[PDB]
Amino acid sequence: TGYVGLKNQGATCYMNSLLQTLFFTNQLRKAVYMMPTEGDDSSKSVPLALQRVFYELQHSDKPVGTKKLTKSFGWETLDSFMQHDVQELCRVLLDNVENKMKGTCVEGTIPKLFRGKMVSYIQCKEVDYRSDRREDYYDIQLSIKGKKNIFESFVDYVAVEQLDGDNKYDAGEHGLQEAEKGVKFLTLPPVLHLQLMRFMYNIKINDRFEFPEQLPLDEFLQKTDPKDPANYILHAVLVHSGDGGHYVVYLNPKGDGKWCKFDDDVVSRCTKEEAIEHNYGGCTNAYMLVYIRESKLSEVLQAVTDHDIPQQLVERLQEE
């Protein structure tokens, strides 16, 4: 495979699957490497742990461990055997690193890679009153039940809703009033993180939901830009199996389309069919999807060498 896997401490399937995803997001990994970690206190520094884990996934010829990283979380070894949601970790972990990157040479990285903005439009139906709200996002929750594929999922997302009845809009001086609400994307980030809502109330929606290897999302912007069309290429499929369960990540790291499967310590080659179509579901299916913006793939997935790992870090890591 050319790539190393990661040891399962017990239930760290979620972490290993994300650690691989965040590792192969090369621009992030370079950024983690360039973080000022003066050795701090190891069992206290999440960036140091991320640098350890990232360094060995780049160099080791045997499965890498996660002990120190879960240590740096403030966790005991029993917490390593509770099962967890991969997207909750990502929210918690990337928020951690984002603030730990402030005031250092790598401020802005996580939002520059992952953060987009959306606009919510609200207009009253029986009074002249309109409102707007612009909110940033690091991920998109896509509905699944009743939608055959990702295209129908963004249509629903941007569809127009009726704020009615027990959900009338608080139109200020006009009081509670019926209204229409609509969402649009102002910007989509270089690395798109899609959380498929494979859950109804936990029942877990195992239905067939199809995602593609290319995704044109220009239809869901507010203003399209012809100097950077919004085509995204599929990079990762974080597959969940269960109801608790197991987590695996399928990845074409180089964006070339030669995929591998990452099941904790075992890294396999595999076919497109095995990573995309076999994961539409209908117990095993995609839960999270990583698409990278075609215009930005060269930068995001630029190749990473020992020339990108600061020397002070190697000396810290080696002498340890």
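A residue's number is simply how far along the shown sequence it sits, counting from 1.
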query: Deposited residues lacking coordinates between residue 128 and residue 129 (none, 1 to 3, 4 to 9, 10 or more); finding: none
query: Residue 282-residue 283 interval: deposited residues absent from the model; finding: 4 to 9
query: Mean C-alpha B-factor comparison - 129-137 and 76-84, higher one; finding: 76-84
query: 307-315 versus 6-14 - greater average Cα B-factor per the deposited record; finding: 307-315
query: Per the PDB entry, maximal CA B factor within 276, 289, 28, 69; finding: 69
query: Residue of maximum C-alpha B factor among 180, 225, 219, 170, per deposited coordinates; finding: 225
query: Within-chain third of residue 193 by Cα B-factor, per the entry; finding: lowest
query: Where the record places residue 204 (Cα B-factor, split into thirds across the chain); finding: highest
query: Third of chain Cα B-factors occupied by residue 152; finding: middle
query: Ranked against its chain, the third holding the CA B-factor of residue 244; finding: highest
query: CA B-factor placement of residue 175, once the chain's modelled residues are sorted into thirds; finding: lowest
